[PDB]
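A single chain comes next, written as structure tokens; it is the form deposited in one PDB entry.
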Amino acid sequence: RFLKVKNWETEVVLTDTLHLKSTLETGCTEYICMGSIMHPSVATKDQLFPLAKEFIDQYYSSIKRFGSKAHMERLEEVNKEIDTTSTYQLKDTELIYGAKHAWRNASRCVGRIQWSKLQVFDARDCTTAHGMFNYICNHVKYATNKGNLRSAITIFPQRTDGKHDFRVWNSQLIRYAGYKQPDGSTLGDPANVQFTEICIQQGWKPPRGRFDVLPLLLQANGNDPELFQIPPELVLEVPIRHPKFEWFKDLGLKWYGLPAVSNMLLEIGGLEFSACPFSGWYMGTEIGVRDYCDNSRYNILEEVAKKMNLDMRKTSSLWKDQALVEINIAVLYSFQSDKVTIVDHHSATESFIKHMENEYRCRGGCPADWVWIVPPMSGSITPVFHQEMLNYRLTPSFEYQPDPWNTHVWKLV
């Protein structure tokens, strides 16, 4: 079997064979498509054996040693550990490879042209929340690199019995607090009101401002999580100004330079790494469209349009559209002026298409989630909009997991 995807802007046709090697479901059926569902859908010995064999087989194929003496010894060895300890340990090489291919297989990530330049930080010797904080500070300092951002991931010990998970309770390493006021308004980031509340309850003393970097809430070995303040000199931030509108800086807007997702699960050969924060650099629309202009977020369209004296009486004036562009210009100009790595949605989508074509050529395909790949503004004037894409799930993979406060059984009376 083969499957073809077409680009309707260029008429290039690519041929996907890679999809024959997927195994978990997409959520779709033969008669319903669920491609716009945000979230559709511990292993025993018997379950873990084929998953591990699959990953060891593919690792040894990648390094052109399939069938080798070392491949067969490794399988034997992995299998002893699963027999003995009901789990196994990855070699460093396997860990690095698995982490890179989890990124390579992330169908919703438009930045995957960079997948093989991932700095893997092995933190599987960590045993405490203090330890995790140390590991995470070093990640932040390395990744941030004074504005010249570098891709990086820090991998904490894998799940065991489900009762000793390592977790970063934060959704990202750097995020701003949100506070709901008695009058119903919201200060800061409305997305983070719940996590802000858990922080305050755990003992965080909030300054209660618009851009309070939240504390880290770190859980090691199934214990209660603990609070740590990131050293402020490690949180690189960019004040948002506009190259034309002198008044823009008066909005008091700023954002952090480092996007670092910390709530996902890294799955490699059946092993579950439940704490594995990873970071790259921003595409501008993530800030200027979603973070700033989602109605459920900082929601600054009306403010910005006001200062543009746009006619906000009718929607067909496209005042929101006009204000959205200017905000996103300001984001890109601000990061660039401060020499903090950022990519605009045109460059990023163009690069993703080159990456996708190369992946079809060298690998037999590239799973891609159109719904997520297309930027949230100016969709059809980017090339990915006109690109057909096959979405399927390959492993190693990044996966969502339950928020830890919906699951954690608290220790301290």
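Just count from 1 along the sequence shown to find any residue number. The term rigid core refers to the maximal set of C-alpha atoms that superpose within 1.5 Å between the two forms.
Below, we refer to the form deposited in another entry, which is not included among the displayed structures.
In a fit on the core, which one among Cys293, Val331, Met132, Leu253 has a Cα that moves 2 Å or more between the shown form and the other one?
Looking at each option in turn, only one qualifies, and it is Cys293.
Look at the CA atoms of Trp370 and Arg290: state whether they lie closer or farther apart in the other form than in this form, given a difference of 3 Å or more.
Between the C-alphas of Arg290 and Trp370, the gap widens in the other form (3 Å or more compared with this form).
Look at the CA atoms of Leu218 and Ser296: state whether they lie closer or farther apart in the other form than in this form, given a difference of 3 Å or more.
Farther apart, which means the C-alphas of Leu218 and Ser296 are at least 3 Å more distant in the other form.
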